[PDB]
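**Q** Chains as they are written, first to last, in the entry's author numbering: chain T, 93 to 272; chain S, 18 to 492; chain Q, 381 to 434; chain Y, 1 to 89; chain R, 20 to 424. Cβ atoms here follow ideal geometry from the backbone N, Cα and C, with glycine treated the same way.
1. Of the choices 145/S, 129/S, 55/S, 184/S, whose alpha-carbon is the least far from that of residue 161/S?
2. List the whole-angstrom C-beta distance separating residue 498/S from residue 262/T, where the pair is believed to meet the contact cut-off of C-beta under 8 Å.
3. Candidates 168/T, 271/T, 233/T, 231/T: which alpha carbon is nearest residue 181/T's?
4. Mind listing, in chain order, the continuous alpha helix (DSSP H) runs of no fewer than 4 residues lying wholly within the stretch 121-158 of chain S?
5. Tell me, please, which residues DSSP counts as bridged to residue 414/R.
6. So within the stretch 369-416 of chain R, which uninterrupted beta strand (DSSP E) runs reach at least 3 residues, ignoring any that extend past its ends?
7. Checking contacts by CB at 9 Å: is residue 14/Y closer than that to chain Q?
8. Would you report the Cα separation of residue 59/Y and residue 222/R, rounded to the nearest angstrom?
9. Excluding five sequence neighbours on each side, which residues of the same chain lie with their C-beta closer than 7 Å to the C-beta of residue 392/S?
10. Any Cβ of chain S within less than 9 Å of the Cβ of residue 69/Y?
11. Suppose you measure from the CA of residue 286/R to the CA of residue 247/R; what does that come to, to the nearest Å?
12. Can you check which of these residues, 419/S, 131/S, 58/S, is closest to residue 437/S by C-alpha distance?
13. Taking C-beta to C-beta, are residue 297/S and residue 276/S nearer than 9 Å?
14. When you compare the CB positions of residue 415/R and residue 416/Q, do they come within less than 9 Å of one another, or not?
15. Mind pulling the chain R residues with CB within less than 8 Å of residue 450/S?
16. How should residue 82/R be labelled, buried or exposed, when 16 other C-beta atoms within 10 angstroms of its C-beta is the threshold for buried?
17. Since residue 434/S sits in a beta bridge, which residues does DSSP pair it with?
18. Can you check whether the CB of residue 277/R is closer than 9 Å to the CB of residue 254/R?
19. What does the alpha-carbon distance come out to for the pair residue 181/R and residue 47/R?
20. Sort 264/R, 57/R, 53/R, 77/R by Cα distance to residue 35/R and report the nearest one.
21. Give a yes or no on whether the minimum CB-CB distance between residue 475/S and chain Y is below 9 Å.
22. Could you give the distance in angstroms between the alpha-carbon of residue 65/R and the alpha-carbon of residue 396/S?
23. Is residue 467/S closer than 9 Å to residue 55/Y when the C-beta atoms are compared?
24. Quick check: the Cα distance between residue 395/R and residue 228/R, rounded to an integer number of angstroms?
25. Give the DSSP-derived three-state secondary structure of residue 402/S in the structure shown.
26. I'd like the span of the alpha helix (DSSP H) that includes residue 555/S, first residue to last.
27. Which residues mark the beginning and the end of the beta strand (DSSP E) in which residue 396/Q is found?
28. Residue 398/S and residue 381/R: beta carbons closer than 9 Å?
29. Please check the pair residue 226/S and residue 20/Y, which I expect to be a contact at CB under 8 Å, by giving their CB distance rounded to whole angstroms.
30. Mind checking if residue 135/R is an interface residue toward chain Q, Cβ cutoff 9 Å exclusive?
31. Look at the alpha carbon of residue 169/S and the alpha carbon of residue 94/T, and state the distance between them as a whole number of angstroms.
32. Alpha carbons only, please: which of 220/S, 320/S, 154/S is nearest the one belonging to residue 92/S?
33. Can residue 168/R and residue 127/R be called in contact, C-beta distance under 9 Å?
34. Go through its chain and collect everything with a Cβ distance to residue 403/S's Cβ below 7 Å, but skip five positions before and after it.
35. Among residues of its own chain, excluding the 5 on either side of residue 288/R, which ones have a beta-carbon nearer than 8 Å to its beta-carbon?
36. Note down, in chain order, every chain T residue with its Cβ under 9 Å from the Cβ of residue 389/S.
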């Protein structure tokens, strides 16, 4: 460093990579990559383009999808190459919410589903539901069904004796320990 | 007079070496040699410091040396040369031994057992440099000299255990020089430093030395963390081999503390919490260990705010560690109350300190936990609560925003409520009486197995030192 | 009810009075509370014996 | 200066000739004792440890306060202002 | 002996300036009179220590601060001369007597007594260091056990006298060791009243409560503050630790408390507050909560440290008892109950419920207060597991530690 290692192109290139890890949805990797950068530029070339991916990751950790969508939408103004990771990240906000909504509610009208999933078109909402496997019947969703299916899959796999942990199984453990 | 003082220091060292030499002639062992070796190292660290800069030099000259005596002396020239007590009667001897490195025998070359001796003269030169508290070129010269000597031949089990303790000092002195005054060649030589440490671990695998393996694993974890190469360390920690059999309890303290760092970065706050408590209970209470404890406590407070667990106020007050821990004490009060305004003040007031320990990265993730902890307090306090009332309390935006915070927050289960968006309140799911559910069954099982595991460790350990004493003649 | 001399709870969310005669507490489970306490007693003095070793 | 309960680790471990070097090495690895660096580093000495009575020196027990604001001034204002509403009822 | 605990109280009011103006001025007048009579002038130097540009300072020997509300605490130079005059005369006259008493034979009685009289003078005027040193000789000399316990309470009174809790603490451990060794019932009662006020000064009010009820049954007016002050402390602590059932039986199985009836402003306020809690009508409780702060905690030497703590704890306690007997409440009926308004109440509740130390929830839609306090076996389980988590932990560390060495 300070002898042909640090440049304007470098600041641009690392900014784009941090979005790559985040648009793949690895926050394991993203935060471990951030240390490595702590040692390098973050006050030696201050944050002016690297602030972008870090702000975004934070807003979804508190859980505010408002602040997150806005930050993406104003990066869509800038058609450069940063925008190629912005659309991935707007697809990602939809999926996360669709993971949450199972516990959150049981009924939403269709106008309400649209509102949480950041759709401006009621047709577009119905189209995502096919692909995301949401049963909207008479313009109202049923999260209790979806929850069942996913629970059923988790019961099916071999984990299952000591996942539940049988009344019998407990005492059998105790018994052989005292005699061993 | 002046010869008496260097001669006395030498005679202390000789008895300690001779003890081990006898022990490894019968059959090489690991643990019995080490306990003696650790006692010698303490005496050398104290005599090098307190008694002149030429008491090491007398010894180095006194024994046969490949070229070490001249490399030792070089270091002393720079800080006002020494020449005294290197004439015959400090070089006409090889210092009481029965016949295995005795004066008459070695000079005659009926035997030569420089084997053990060379490794101990290395131990002195590392101690002596950290005593001086100096760095520059002397570090480089220490790195260059000892490493290929030890790599141009395999070591015996005893000699490998001396050379594990030299690697730590090489690494530590290189890293301090970067922190006194950063340089540009320190960076390129770090790749070199990096290469030798991992290559060492393979070398120790073949000798089957338990204590050599553990101490190198501690080094690789530390080296990744200051370089911030966490990615490579995440592969490492899921593919380790650490033994806890012969290791000292300092090594074990360090090992667990390193894990807690990497884990916290990967957004594991539950495994990190278990291991940081492990590291502290191994460590002493002493001011010897003081600085190890401060860094450990800094991380320990941080993990709890990342969970939503919120450290004790007592914990700062019962220790006299208050002023070091002053920035985490202001974070503790901030997250508990729900006050973002209090939080934002703390991270601007103390930014510089946090950024020194490289725990600032971990600290910014706490701006989220104020908001999430704030919603959990409001769901405790009111079973059902309007959206608007949250916005006033935590100084947030629209209710639509607050809805989103909770939808995400209950995916981890932090709030343990659910939102009604046609009834306009948030209704929490807790109404305890889980003793009428089947939950305690699961819990009691786990505690019973935890007890069984402590029983087993009791069995193997209780009889192994008993066995050494009963075999050993003392009748 | 503060006297706990018949049992029961006073309900002002609807304005009724619940009266109970139901079983409450468990004796066997109560005595466990002292037994953990006793085991915690013994180890304080165990550890005074174990600081003669360290 | 002792981490958690002071007596709990003071009895747990004590000095040995054997251990003494390794301990010194641990504190050097982090690089300092990290309680005498901090006054120079900030260029002040404590006044913000004087936040509360218990914070300064532990010569009491814990209250579970953390701002120590008298709550008598607020409870007095509630009392009188409520009466007047009932008086004007 | 007698006048020292009087002055220290009245001086503590001047050290503060949160105390009523007429109380503070009258207090100034009593302490100044006693500077002439008992030489409390060296003690007057200690009050400036506690300030330095903090209020209740108007000193002429030190820095006079007119931004303060105290102005009757003048450290005149008429006082300061009077000190030097009285100080010299008394040392000269007493020395000459004691030298000749020591010379006459008998160490057991005479030489012990002569040195005790040295410690009485330095104790009286508020020099701790010189009382200490001369009374150390008295203890060493062959004397009865009763005399030692007496002198130890006298040294410990000086710690009360400076109102430094630190000095007291050590000395009362010394009596606590020697009271079993004396086997003297006479001064056993004296120990109880000293040690009650020490638990009172620290946050151990479970211990203080037991001691201060015993002080009713036997009081000792030698070196110890007033019977009305000892009655007030018993009431304060009784409310802290004990809820209705226990509290009612305490002040109904306490006839001695009753004969004293409320004969001072501090005593009213706490005594009236007692009635309202255990009678299950907290209508009067909330105005009286203010009065007790005002007239007990702020003026006292041993509760001003806890002034803020007391009101925090008590606010929980009174609410809990109502929530226990009620499966449901309306916020409005509960607001009427204390004599508070609806919104004010939620705030106080919003502090207690997250620490989960009060166990309630509040529907703000329906307006009701639900109580999720378990009154079944679930409660017992909530006790047990946190002890057993600790059990596990304690053994893991002690066991692992001995294997390694």
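**A** By the coordinates alone:
1. 184/S
2. The requested residue 498/S is not part of the displayed model; chain S covers only 18 to 492.
3. Closest in alpha carbon position to residue 181/T, among 168/T, 271/T, 233/T, 231/T, is 168/T.
4. 131-149
5. According to DSSP, residue pairing for residue 414/R in a beta bridge does not occur.
6. 387-389
7. yes
8. 11 Å
9. These residues qualify, in order along the chain: 407, 422, 423, 426, 432.
10. no
11. 7 Å
12. 419/S
13. no
14. Taking 9 Å as the cut-off, the Cβ atoms of residue 415/R and residue 416/Q do not count as close.
15. 393, 395, 397
16. exposed
17. DSSP lists 445/S as partners of residue 434/S.
18. No, these two residues do not count as a Cβ contact at 9 Å.
19. 17 Å
20. 77/R
21. no
22. 51 Å
23. no
24. 30 Å
25. strand
26. Nothing can be reported for residue 555/S: it is not among the residues displayed for chain S, which extend from 18 to 492.
27. 396-398
28. yes
29. About 24 Å separates the beta carbons of residue 226/S and residue 20/Y, which is beyond the 8 Å limit, so they are not a contact pair.
30. no
31. 37 Å
32. 154/S
33. Annotated as distal: residue 168/R and residue 127/R, with beta-carbon spacing of 9 Å or more.
34. 441, 442
35. 307, 310, 311, 313, 314, 315
36. Within chain T, the residues near residue 389/S are 153, 154, 155.
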